[PDB]
file data29.tsv (TSV, C-alpha atoms and all ligand atoms)
chain	number	residue	atom	x	y	z
A	1	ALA	CA	-7.70	-24.00	-10.90
A	2	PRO	CA	-5.01	-26.56	-9.85
A	3	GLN	CA	-6.32	-28.65	-6.97
A	4	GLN	CA	-3.24	-27.84	-4.84
A	5	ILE	CA	-4.11	-24.14	-5.03
A	6	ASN	CA	-7.82	-24.72	-4.57
A	7	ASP	CA	-7.23	-26.87	-1.48
A	8	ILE	CA	-4.67	-24.74	0.39
A	9	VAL	CA	-6.65	-21.55	-0.25
A	10	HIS	CA	-10.07	-22.82	0.80
A	11	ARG	CA	-8.68	-24.82	3.74
A	12	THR	CA	-6.91	-21.65	5.02
A	13	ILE	CA	-9.47	-18.92	4.28
A	14	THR	CA	-12.75	-20.65	5.26
A	15	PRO	CA	-11.63	-21.02	8.90
A	16	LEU	CA	-10.21	-17.47	8.86
A	17	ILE	CA	-13.56	-16.05	7.68
A	18	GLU	CA	-15.38	-18.04	10.42
A	19	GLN	CA	-13.00	-17.09	13.26
A	20	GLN	CA	-12.82	-13.38	12.36
A	21	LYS	CA	-16.53	-13.11	11.30
A	22	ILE	CA	-15.54	-11.43	8.01
A	23	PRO	CA	-18.67	-10.56	5.94
A	24	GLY	CA	-16.95	-10.82	2.54
A	25	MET	CA	-13.55	-11.64	1.09
A	26	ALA	CA	-11.73	-11.88	-2.22
A	27	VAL	CA	-8.34	-13.64	-2.64
A	28	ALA	CA	-6.01	-13.88	-5.64
A	29	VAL	CA	-3.05	-16.26	-5.78
A	30	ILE	CA	-0.36	-15.60	-8.40
A	31	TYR	CA	1.28	-18.92	-9.17
A	32	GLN	CA	4.02	-19.21	-11.78
A	33	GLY	CA	2.93	-15.72	-12.89
A	34	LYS	CA	-0.79	-16.56	-13.47
A	35	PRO	CA	-3.71	-15.37	-11.27
A	36	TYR	CA	-6.33	-17.59	-9.58
A	37	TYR	CA	-9.37	-15.92	-7.95
A	38	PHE	CA	-11.51	-16.89	-4.98
A	39	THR	CA	-14.47	-15.08	-3.38
A	40	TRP	CA	-16.72	-15.58	-0.31
A	41	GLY	CA	-19.64	-13.89	1.36
A	42	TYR	CA	-21.08	-10.40	1.04
A	43	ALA	CA	-20.12	-7.03	-0.38
A	44	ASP	CA	-23.38	-5.63	1.05
A	45	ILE	CA	-25.09	-7.58	3.83
A	46	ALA	CA	-28.42	-5.69	3.77
A	47	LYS	CA	-28.85	-5.85	-0.05
A	48	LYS	CA	-27.45	-9.44	-0.11
A	49	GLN	CA	-24.87	-8.53	-2.79
A	50	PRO	CA	-22.09	-11.17	-3.07
A	51	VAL	CA	-18.39	-10.45	-3.35
A	52	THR	CA	-17.29	-10.96	-6.98
A	53	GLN	CA	-14.11	-10.46	-8.99
A	54	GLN	CA	-15.52	-6.99	-9.86
A	55	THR	CA	-16.17	-5.90	-6.24
A	56	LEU	CA	-14.21	-2.78	-5.05
A	57	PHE	CA	-12.63	-2.86	-1.61
A	58	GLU	CA	-10.91	-0.01	0.26
A	59	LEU	CA	-7.16	-0.84	0.27
A	60	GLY	CA	-6.36	1.56	3.13
A	61	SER	CA	-2.57	1.61	3.59
A	62	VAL	CA	-1.91	-0.83	0.74
A	63	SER	CA	-2.52	2.47	-1.17
A	64	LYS	CA	0.98	3.52	0.02
A	65	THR	CA	2.47	1.03	-2.47
A	66	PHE	CA	0.81	2.98	-5.32
A	67	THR	CA	1.97	6.31	-3.86
A	68	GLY	CA	5.55	4.88	-3.53
A	69	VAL	CA	5.56	3.73	-7.17
A	70	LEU	CA	4.10	7.05	-8.40
A	71	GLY	CA	6.90	8.83	-6.47
A	72	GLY	CA	9.35	6.34	-8.02
A	73	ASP	CA	8.09	7.14	-11.54
A	74	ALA	CA	8.51	10.89	-10.81
A	75	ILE	CA	12.17	10.24	-9.84
A	76	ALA	CA	12.70	8.22	-12.99
A	77	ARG	CA	11.23	11.14	-14.98
A	78	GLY	CA	13.80	13.59	-13.48
A	79	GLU	CA	10.96	15.59	-11.88
A	80	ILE	CA	12.05	15.00	-8.28
A	81	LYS	CA	14.99	13.52	-6.35
A	82	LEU	CA	14.70	11.73	-2.98
A	83	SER	CA	17.81	13.62	-1.88
A	84	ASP	CA	15.98	16.98	-2.48
A	85	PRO	CA	14.96	18.99	0.63
A	86	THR	CA	11.19	19.10	1.27
A	87	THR	CA	11.38	22.95	0.99
A	88	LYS	CA	12.38	22.71	-2.68
A	89	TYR	CA	8.79	21.61	-3.46
A	90	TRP	CA	7.07	23.62	-0.67
A	91	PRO	CA	8.91	26.97	-0.40
A	92	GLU	CA	6.45	28.26	2.24
A	93	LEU	CA	7.81	25.61	4.65
A	94	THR	CA	10.36	28.02	6.16
A	95	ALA	CA	10.43	26.73	9.75
A	96	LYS	CA	13.99	25.74	10.72
A	97	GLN	CA	13.19	22.15	11.77
A	98	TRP	CA	12.73	21.39	8.06
A	99	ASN	CA	16.41	21.97	7.21
A	100	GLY	CA	17.73	18.53	6.36
A	101	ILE	CA	14.37	16.76	5.96
A	102	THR	CA	14.38	15.30	2.44
A	103	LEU	CA	11.72	13.65	0.26
A	104	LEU	CA	13.37	10.35	1.21
A	105	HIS	CA	12.62	11.00	4.91
A	106	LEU	CA	8.96	11.78	4.12
A	107	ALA	CA	8.53	8.70	1.95
A	108	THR	CA	10.07	6.30	4.50
A	109	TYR	CA	8.66	7.67	7.82
A	110	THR	CA	12.12	8.80	8.95
A	111	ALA	CA	11.59	12.63	9.10
A	112	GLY	CA	11.90	12.65	12.91
A	113	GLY	CA	8.46	11.77	14.27
A	114	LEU	CA	5.76	13.12	11.98
A	115	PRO	CA	2.48	11.88	13.52
A	116	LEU	CA	0.37	8.91	12.29
A	117	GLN	CA	-2.59	11.18	11.52
A	118	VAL	CA	-3.04	14.69	10.15
A	119	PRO	CA	-5.45	16.27	12.73
A	120	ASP	CA	-9.15	16.24	11.75
A	121	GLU	CA	-9.17	20.02	12.43
A	122	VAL	CA	-6.96	20.49	9.34
A	123	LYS	CA	-9.33	21.14	6.43
A	124	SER	CA	-7.87	24.02	4.48
A	125	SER	CA	-4.56	24.22	2.70
A	126	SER	CA	-3.49	27.03	5.03
A	127	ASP	CA	-4.46	24.76	7.94
A	128	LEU	CA	-2.08	22.17	6.39
A	129	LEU	CA	0.86	24.58	6.02
A	130	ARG	CA	0.31	25.62	9.61
A	131	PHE	CA	0.35	22.00	10.85
A	132	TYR	CA	3.73	21.15	9.21
A	133	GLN	CA	5.31	24.51	10.16
A	134	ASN	CA	4.29	24.05	13.81
A	135	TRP	CA	5.23	20.36	14.10
A	136	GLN	CA	8.20	19.79	16.42
A	137	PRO	CA	10.36	16.75	15.62
A	138	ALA	CA	11.32	14.44	18.47
A	139	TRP	CA	14.39	13.20	16.63
A	140	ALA	CA	17.00	14.06	14.00
A	141	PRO	CA	16.07	13.11	10.45
A	142	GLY	CA	17.10	9.63	9.33
A	143	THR	CA	17.45	8.13	12.82
A	144	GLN	CA	14.08	6.55	13.78
A	145	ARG	CA	11.07	5.16	11.83
A	146	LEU	CA	7.51	6.04	12.91
A	147	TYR	CA	4.89	4.81	10.48
A	148	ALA	CA	2.89	7.92	9.55
A	149	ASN	CA	0.23	9.00	7.10
A	150	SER	CA	1.29	12.67	7.54
A	151	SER	CA	4.76	11.57	6.32
A	152	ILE	CA	4.12	9.49	3.18
A	153	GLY	CA	0.94	11.50	2.44
A	154	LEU	CA	2.96	14.70	2.14
A	155	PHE	CA	5.54	12.92	-0.04
A	156	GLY	CA	2.72	11.91	-2.41
A	157	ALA	CA	1.36	15.47	-2.60
A	158	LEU	CA	4.81	16.97	-3.24
A	159	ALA	CA	6.06	14.31	-5.65
A	160	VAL	CA	3.45	15.36	-8.24
A	161	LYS	CA	3.99	19.16	-7.94
A	162	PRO	CA	6.55	19.47	-10.81
A	163	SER	CA	4.17	17.63	-13.20
A	164	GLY	CA	1.42	20.21	-12.53
A	165	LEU	CA	-1.10	17.33	-12.35
A	166	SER	CA	-3.40	16.74	-9.39
A	167	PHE	CA	-2.41	13.65	-7.35
A	168	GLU	CA	-5.44	11.77	-8.73
A	169	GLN	CA	-4.66	12.76	-12.35
A	170	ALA	CA	-1.01	11.76	-12.01
A	171	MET	CA	-1.92	8.38	-10.44
A	172	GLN	CA	-4.51	7.68	-13.13
A	173	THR	CA	-2.35	8.65	-16.10
A	174	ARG	CA	1.04	7.40	-14.90
A	175	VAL	CA	0.27	4.23	-12.92
A	176	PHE	CA	-3.33	2.94	-13.27
A	177	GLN	CA	-3.77	3.45	-17.05
A	178	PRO	CA	-0.37	2.02	-18.24
A	179	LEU	CA	-0.91	-1.09	-16.13
A	180	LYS	CA	-4.52	-1.48	-17.34
A	181	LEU	CA	-5.95	-1.09	-13.83
A	182	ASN	CA	-9.24	0.12	-15.24
A	183	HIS	CA	-11.23	-0.57	-12.06
A	184	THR	CA	-8.93	1.06	-9.54
A	185	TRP	CA	-9.88	4.51	-8.21
A	186	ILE	CA	-8.98	7.18	-5.68
A	187	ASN	CA	-12.49	8.57	-6.02
A	188	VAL	CA	-15.05	5.93	-6.91
A	189	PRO	CA	-17.05	7.22	-9.91
A	190	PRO	CA	-20.89	6.96	-9.84
A	191	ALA	CA	-20.73	4.37	-12.67
A	192	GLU	CA	-18.85	2.01	-10.31
A	193	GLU	CA	-20.89	2.50	-7.10
A	194	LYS	CA	-22.88	-0.68	-7.77
A	195	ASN	CA	-19.61	-2.58	-7.16
A	196	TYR	CA	-18.34	-0.68	-4.12
A	197	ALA	CA	-18.58	-3.01	-1.10
A	198	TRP	CA	-19.59	-1.62	2.24
A	199	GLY	CA	-17.07	-1.89	5.05
A	200	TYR	CA	-18.27	-3.26	8.39
A	201	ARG	CA	-17.25	-1.89	11.78
A	202	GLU	CA	-19.04	-3.20	14.87
A	203	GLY	CA	-21.79	-4.38	12.51
A	204	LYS	CA	-22.29	-0.93	10.91
A	205	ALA	CA	-21.97	-0.36	7.11
A	206	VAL	CA	-19.23	2.30	6.59
A	207	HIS	CA	-17.19	3.89	3.78
A	208	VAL	CA	-13.97	5.87	4.31
A	209	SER	CA	-14.43	9.61	4.81
A	210	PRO	CA	-11.06	11.08	3.65
A	211	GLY	CA	-9.45	14.03	5.48
A	212	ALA	CA	-6.33	15.96	4.43
A	213	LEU	CA	-3.78	13.75	2.61
A	214	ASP	CA	-5.91	10.57	2.99
A	215	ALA	CA	-5.95	10.12	-0.79
A	216	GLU	CA	-2.14	9.98	-0.81
A	217	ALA	CA	-1.82	7.83	2.36
A	218	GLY	CA	-4.81	5.49	2.09
A	219	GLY	CA	-7.18	6.44	-0.72
A	220	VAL	CA	-7.19	3.63	-3.30
A	221	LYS	CA	-10.21	1.35	-3.97
A	222	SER	CA	-9.62	-1.67	-6.19
A	223	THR	CA	-10.92	-5.09	-7.38
A	224	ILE	CA	-9.29	-8.48	-6.81
A	225	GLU	CA	-8.48	-8.65	-10.56
A	226	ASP	CA	-6.73	-5.29	-10.65
A	227	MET	CA	-4.85	-6.12	-7.44
A	228	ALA	CA	-3.63	-9.40	-8.98
A	229	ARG	CA	-2.35	-7.37	-11.95
A	230	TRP	CA	-0.65	-4.95	-9.48
A	231	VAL	CA	1.20	-7.96	-7.95
A	232	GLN	CA	2.10	-9.26	-11.45
A	233	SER	CA	3.57	-5.80	-12.27
A	234	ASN	CA	5.60	-5.69	-9.04
A	235	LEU	CA	6.73	-9.31	-9.52
A	236	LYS	CA	8.10	-8.63	-13.04
A	237	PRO	CA	8.68	-4.88	-13.45
A	238	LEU	CA	10.97	-5.48	-16.45
A	239	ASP	CA	8.01	-6.65	-18.58
A	240	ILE	CA	6.44	-3.17	-18.25
A	241	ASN	CA	6.77	-1.10	-21.42
A	242	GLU	CA	6.72	2.40	-19.91
A	243	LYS	CA	10.38	2.94	-18.98
A	244	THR	CA	9.85	5.41	-16.12
A	245	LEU	CA	7.12	3.23	-14.57
A	246	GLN	CA	9.40	0.19	-14.79
A	247	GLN	CA	12.19	2.03	-12.95
A	248	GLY	CA	9.64	3.47	-10.52
A	249	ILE	CA	8.52	-0.03	-9.49
A	250	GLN	CA	12.15	-1.01	-8.94
A	251	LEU	CA	12.87	2.09	-6.87
A	252	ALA	CA	9.90	1.36	-4.59
A	253	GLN	CA	11.32	-2.13	-3.88
A	254	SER	CA	14.80	-0.78	-3.02
A	255	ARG	CA	15.97	-1.20	0.62
A	256	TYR	CA	16.48	2.26	2.17
A	257	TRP	CA	16.49	1.46	5.91
A	258	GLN	CA	16.72	-1.59	8.13
A	259	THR	CA	14.93	-2.23	11.42
A	260	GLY	CA	15.46	-5.71	12.86
A	261	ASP	CA	14.63	-8.07	10.01
A	262	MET	CA	12.58	-5.58	7.95
A	263	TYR	CA	13.71	-3.25	5.17
A	264	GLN	CA	11.76	-0.11	4.27
A	265	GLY	CA	10.99	0.58	0.58
A	266	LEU	CA	8.73	3.29	-0.87
A	267	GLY	CA	5.38	2.03	0.38
A	268	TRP	CA	6.52	-1.58	0.14
A	269	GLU	CA	8.23	-3.33	3.07
A	270	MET	CA	10.59	-6.29	2.61
A	271	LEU	CA	12.30	-9.19	4.43
A	272	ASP	CA	14.95	-11.61	3.10
A	273	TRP	CA	13.47	-14.83	1.71
A	274	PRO	CA	13.20	-17.42	3.21
A	275	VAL	CA	11.61	-15.65	6.15
A	276	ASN	CA	10.53	-17.11	9.41
A	277	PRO	CA	6.75	-16.42	9.78
A	278	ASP	CA	7.29	-15.24	13.39
A	279	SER	CA	9.43	-12.39	12.08
A	280	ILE	CA	6.93	-11.20	9.44
A	281	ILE	CA	4.55	-10.24	12.27
A	282	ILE	CA	0.24	-1.40	18.74
A	283	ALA	CA	-0.83	2.23	18.03
A	284	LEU	CA	2.63	3.93	17.83
A	285	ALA	CA	5.95	2.06	17.49
A	286	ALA	CA	9.14	4.13	17.28
A	287	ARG	CA	12.07	2.07	16.01
A	288	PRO	CA	15.71	3.08	15.39
A	289	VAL	CA	16.77	2.52	11.75
A	290	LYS	CA	20.12	1.77	10.12
A	291	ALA	CA	20.68	3.56	6.81
A	292	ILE	CA	21.41	1.28	3.89
A	293	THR	CA	24.11	3.31	2.13
A	294	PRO	CA	23.49	3.25	-0.74
A	295	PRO	CA	20.05	1.52	-1.01
A	296	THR	CA	20.02	-2.09	-2.19
A	297	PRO	CA	18.20	-2.46	-5.54
A	298	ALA	CA	15.16	-4.74	-5.46
A	299	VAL	CA	16.27	-8.14	-4.09
A	300	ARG	CA	14.54	-11.05	-5.93
A	301	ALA	CA	14.84	-13.28	-2.82
A	302	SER	CA	12.50	-11.13	-0.71
A	303	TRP	CA	9.12	-11.47	0.92
A	304	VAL	CA	7.65	-8.11	-0.22
A	305	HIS	CA	4.44	-7.05	1.54
A	306	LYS	CA	2.07	-4.38	2.89
A	307	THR	CA	-0.92	-4.48	5.25
A	308	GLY	CA	-3.79	-2.01	4.90
A	309	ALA	CA	-6.86	-0.95	6.83
A	310	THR	CA	-9.70	1.50	6.96
A	311	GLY	CA	-12.47	1.68	9.59
A	312	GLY	CA	-14.34	-1.03	7.71
A	313	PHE	CA	-11.78	-2.94	5.56
A	314	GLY	CA	-8.59	-5.07	5.97
A	315	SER	CA	-6.21	-5.86	3.10
A	316	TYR	CA	-2.91	-7.68	2.64
A	317	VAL	CA	-0.56	-8.17	-0.28
A	318	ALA	CA	2.64	-10.27	-0.30
A	319	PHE	CA	4.87	-11.63	-3.04
A	320	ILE	CA	8.21	-13.34	-3.59
A	321	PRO	CA	9.82	-12.27	-6.89
A	322	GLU	CA	12.26	-15.23	-6.92
A	323	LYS	CA	9.37	-17.71	-6.96
A	324	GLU	CA	6.96	-15.77	-9.22
A	325	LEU	CA	4.51	-16.21	-6.39
A	326	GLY	CA	2.09	-13.84	-4.61
A	327	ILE	CA	-1.19	-13.29	-2.86
A	328	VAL	CA	-3.78	-10.60	-2.31
A	329	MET	CA	-6.38	-10.81	0.45
A	330	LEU	CA	-9.18	-8.20	0.48
A	331	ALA	CA	-11.84	-8.16	3.23
A	332	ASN	CA	-14.64	-5.80	4.27
A	333	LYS	CA	-13.79	-5.99	7.97
A	334	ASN	CA	-10.63	-4.65	9.64
A	335	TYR	CA	-9.40	-7.84	11.38
A	336	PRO	CA	-5.99	-8.37	13.10
A	337	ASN	CA	-2.79	-8.19	11.00
A	338	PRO	CA	-1.23	-11.38	12.37
A	339	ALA	CA	-4.23	-13.42	11.13
A	340	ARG	CA	-3.64	-11.95	7.64
A	341	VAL	CA	0.09	-12.76	7.56
A	342	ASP	CA	-0.44	-16.27	9.05
A	343	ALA	CA	-2.97	-17.16	6.34
A	344	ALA	CA	-0.80	-15.66	3.56
A	345	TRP	CA	2.29	-17.56	4.79
A	346	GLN	CA	0.35	-20.84	5.03
A	347	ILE	CA	-0.73	-20.46	1.41
A	348	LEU	CA	2.58	-19.31	-0.09
A	349	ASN	CA	4.69	-21.75	1.96
A	350	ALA	CA	2.56	-24.64	0.64
A	351	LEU	CA	3.00	-23.54	-2.97
A	352	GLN	CA	6.68	-22.61	-2.90
A	401	LIG	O1	-13.07	14.52	0.00
A	401	LIG	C1	-11.65	14.47	0.24
A	401	LIG	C2	-11.14	15.90	0.36
A	401	LIG	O2	-9.93	16.06	1.17
A	401	LIG	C3	-9.39	17.38	0.78
A	401	LIG	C4	-9.67	18.32	1.94
A	401	LIG	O3	-8.63	18.06	2.89
A	401	LIG	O4	-7.96	17.48	0.70
A	401	LIG	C5	-7.18	17.16	-0.44
A	401	LIG	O5	-6.61	18.09	-1.48
A	401	LIG	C6	-5.94	17.28	-2.51
A	401	LIG	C7	-6.60	17.47	-3.89
A	401	LIG	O6	-8.02	17.34	-3.79
A	401	LIG	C8	-5.90	15.83	-1.94
A	401	LIG	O7	-5.30	14.89	-2.85
A	401	LIG	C9	-5.23	15.84	-0.54
A	401	LIG	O8	-5.42	14.63	0.11
A	401	LIG	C10	-5.99	16.78	0.37
A	401	LIG	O9	-5.23	17.92	0.80
A	401	LIG	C11	-10.11	17.76	-0.53
A	401	LIG	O10	-9.22	18.24	-1.54
A	401	LIG	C12	-10.70	16.45	-1.00
A	401	LIG	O11	-11.83	16.74	-1.85

call {"tool": "encode", "arguments": {"input": "data29.tsv", "output": "structure tokens"}}
result
Amino acid sequence: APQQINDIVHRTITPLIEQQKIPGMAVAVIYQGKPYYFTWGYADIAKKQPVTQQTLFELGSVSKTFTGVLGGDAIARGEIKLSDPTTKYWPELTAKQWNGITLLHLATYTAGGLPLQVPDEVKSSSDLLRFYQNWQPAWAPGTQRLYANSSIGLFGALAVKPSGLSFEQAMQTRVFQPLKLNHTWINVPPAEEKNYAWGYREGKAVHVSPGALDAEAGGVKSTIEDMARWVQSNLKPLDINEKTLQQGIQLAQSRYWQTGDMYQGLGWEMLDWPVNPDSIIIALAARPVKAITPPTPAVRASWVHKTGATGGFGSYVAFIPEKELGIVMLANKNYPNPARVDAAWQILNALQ
């Protein structure tokens, strides 16, 4: 590895790991299009298993980038449109508040105040229908953003309905397989359990226990190598051979809404590059949005990023298409987002 990369990465991450008491971490830097891998510490503290380039981490909400691109591929296939009403794909959603809520609104958290979490009481499909029918929006569609798993999670479930595939089958066949992400999973198979790191919350070993729509909103587990390849694919979507997947990547990096300095994509979030690091960086935050009419196609001069967490894991991905530069940070503790972004900016700034 080039010494410049070696030095900035170790000099940034070692102190981060110490300060945040992170049990294990894997980092990939993509520099001039090529990946460089770094690992520290433990996938499993009790069994003394190290983090390796084959270790699986829970991505948490970084999974929304995969859901956004799968939705994007479905649009490119002519299976769905973001301008379509939600009721087109769920005819049993007859409650009047749904008039005017489109797939776009669901995908971008702008439906009018769908909650962060689907209630734990919702187990059955009829429980799920009841939840969305009974939900009362605070706001008109397309006026305020409230980050929500019940919003993008429903988009993911509906986006695959025309295909007739399960969400997992669609993701596997249409996104993971074409991009050769052969160690990326929504459900970790028994063959791969040996490599599934434990998450750590207040010292306790924990794995995600998915409720309704958690697969769609936060369900991906992946290795540092596959995540580097995911960044490579999002950096250069035009090198991807599957035409609908190529367009799908581009659609997920389009700017649909603006709030302050941030632009909402499908899963992905973006800021103009160069960004101030203060601007890149709370349980519920309702923010008015301006519609970008029509959406701006993927801007090469962007900082494109997404944070992700589960009870036991914290992930971050960021890239700058213009510079062919990117980073993935995977950890088996959920530590504060600003620490993630600060470390990522330190590394990418140094290498830009
Ligand atoms: O073990 C996870 C468990 O969650 C369930 C029950 O809510 O819900 C899913 O049904 C779909 C297909 O399995 C999921 O993709 C979606 O997240 C959710 O409604 C079970 O199905 C799933 O086994």

call {"tool": "residues_around", "arguments": {"input": "data29.tsv", "residues": "residue A:63", "least_positions_apart": "3", "cutoff": "7 Å", "atoms": "all atoms listed in the file", "output": "MDAnalysis selection string"}}
result
chainID A and resid 59:60 66:67 217:220

call {"tool": "residues_near_ligand", "arguments": {"input": "data29.tsv", "ligand": "ligand LIG 401 (chain A)", "cutoff": "6 Å", "atoms": "all atoms listed in the file", "output": "short mmCIF file (atom, residue, chain, number, x, y, z; two decimals) with C-alpha atoms, keeping the file's coordinate frame"}}
result
data_model
loop_
_atom_site.label_atom_id
_atom_site.label_comp_id
_atom_site.auth_asym_id
_atom_site.auth_seq_id
_atom_site.Cartn_x
_atom_site.Cartn_y
_atom_site.Cartn_z
CA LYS A 123 -9.33 21.14 6.43
CA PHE A 167 -2.41 13.65 -7.35
CA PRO A 210 -11.06 11.08 3.65
CA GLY A 211 -9.45 14.03 5.48
CA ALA A 212 -6.33 15.96 4.43
CA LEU A 213 -3.78 13.75 2.61
CA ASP A 214 -5.91 10.57 2.99
CA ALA A 215 -5.95 10.12 -0.79
CA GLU A 216 -2.14 9.98 -0.81
#

call {"tool": "residues_around", "arguments": {"input": "data29.tsv", "residues": "stretch 283-293 of chain A", "least_positions_apart": "6", "cutoff": "8 Å", "atoms": "all atoms listed in the file", "output": "PyMOL selection string"}}
result
chain A and resi 116+142-147+255-259

call {"tool": "write_last_selection", "arguments": {"input": "data29.tsv", "atoms": "C-alpha atoms", "output": "JSON list (two decimals), in the coordinates of the input"}}
result
[["chain", "number", "residue", "atom", "x", "y", "z"],
["A", 116, "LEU", "CA", 0.37, 8.91, 12.29],
["A", 142, "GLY", "CA", 17.10, 9.63, 9.33],
["A", 143, "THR", "CA", 17.45, 8.13, 12.82],
["A", 144, "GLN", "CA", 14.08, 6.55, 13.78],
["A", 145, "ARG", "CA", 11.07, 5.16, 11.83],
["A", 146, "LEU", "CA", 7.51, 6.04, 12.91],
["A", 147, "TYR", "CA", 4.89, 4.81, 10.48],
["A", 255, "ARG", "CA", 15.97, -1.20, 0.62],
["A", 256, "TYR", "CA", 16.48, 2.26, 2.17],
["A", 257, "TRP", "CA", 16.49, 1.46, 5.91],
["A", 258, "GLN", "CA", 16.72, -1.59, 8.13],
["A", 259, "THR", "CA", 14.93, -2.23, 11.42]]

call {"tool": "closest_atom_pairs", "arguments": {"input": "data29.tsv", "of": "stretch 66-178 of chain A", "to": "stretch 267-270 of chain A", "cutoff": "10 Å", "atoms": "only C-alpha atoms", "output": "Markdown table"}}
result
| residue | atom | partner | partner_atom | distance |
| --- | --- | --- | --- | --- |
| A:66 | CA | A:267 | CA | 7.4 |
| A:67 | CA | A:267 | CA | 6.9 |
| A:68 | CA | A:267 | CA | 4.8 |
| A:69 | CA | A:267 | CA | 7.7 |
| A:71 | CA | A:267 | CA | 9.8 |
| A:107 | CA | A:267 | CA | 7.5 |
| A:108 | CA | A:267 | CA | 7.6 |
| A:109 | CA | A:267 | CA | 9.9 |
| A:152 | CA | A:267 | CA | 8.1 |

call {"tool": "closest_atom_pairs", "arguments": {"input": "data29.tsv", "of": "stretch 159-267 of chain A", "to": "stretch 36-46 of chain A", "cutoff": "8 Å", "atoms": "only C-alpha atoms", "output": "tab-separated table"}}
result
residue	atom	partner	partner_atom	distance
A:196	CA	A:43	CA	7.6
A:197	CA	A:43	CA	4.4
A:198	CA	A:44	CA	5.6
A:224	CA	A:37	CA	7.5
A:225	CA	A:37	CA	7.8

call {"tool": "residues_near_point", "arguments": {"input": "data29.tsv", "point": "(-19.9, 4.0, -10.9)", "cutoff": "6 Å", "atoms": "only C-alpha atoms", "output": "ChimeraX atom specification"}}
result
/A:189-193

call {"tool": "atom_distance", "arguments": {"input": "data29.tsv", "atom1": "atom CA of residue A:182", "atom2": "atom CA of residue A:298"}}
result
26.7 Å

call {"tool": "closest_residue", "arguments": {"input": "data29.tsv", "among": "A:4, A:302, A:315, A:94", "to": "residue A:263", "atoms": "all atoms listed in the file"}}
result
A:302

call {"tool": "atom_distance", "arguments": {"input": "data29.tsv", "atom1": "atom CA of residue A:312", "atom2": "atom CA of residue A:200"}}
result
4.6 Å

call {"tool": "closest_residue", "arguments": {"input": "data29.tsv", "among": "A:343, A:348, A:304, A:227", "to": "residue A:319", "atoms": "only C-alpha atoms"}}
result
A:304

call {"tool": "decode", "arguments": {"input": "data29.tsv", "residues": "stretch 244-256 of chain A", "atoms": "C-alpha atoms", "output": "PDB file, in the first residue's frame"}}
result
ATOM      1  CA  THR A 244     -30.743  -1.282 -15.927  1.00  0.00           C
ATOM      2  CA  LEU A 245     -28.366  -1.591 -12.947  1.00  0.00           C
ATOM      3  CA  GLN A 246     -26.152   1.130 -14.426  1.00  0.00           C
ATOM      4  CA  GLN A 247     -29.125   3.507 -14.747  1.00  0.00           C
ATOM      5  CA  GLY A 248     -30.367   2.427 -11.319  1.00  0.00           C
ATOM      6  CA  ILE A 249     -27.086   3.519  -9.695  1.00  0.00           C
ATOM      7  CA  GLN A 250     -27.356   6.875 -11.458  1.00  0.00           C
ATOM      8  CA  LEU A 251     -30.958   7.376 -10.377  1.00  0.00           C
ATOM      9  CA  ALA A 252     -30.037   6.736  -6.732  1.00  0.00           C
ATOM     10  CA  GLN A 253     -27.412   9.514  -6.923  1.00  0.00           C
ATOM     11  CA  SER A 254     -29.869  12.039  -8.426  1.00  0.00           C
ATOM     12  CA  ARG A 255     -30.766  15.085  -6.262  1.00  0.00           C
ATOM     13  CA  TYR A 256     -34.508  15.004  -5.479  1.00  0.00           C
TER      14      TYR A 256
END
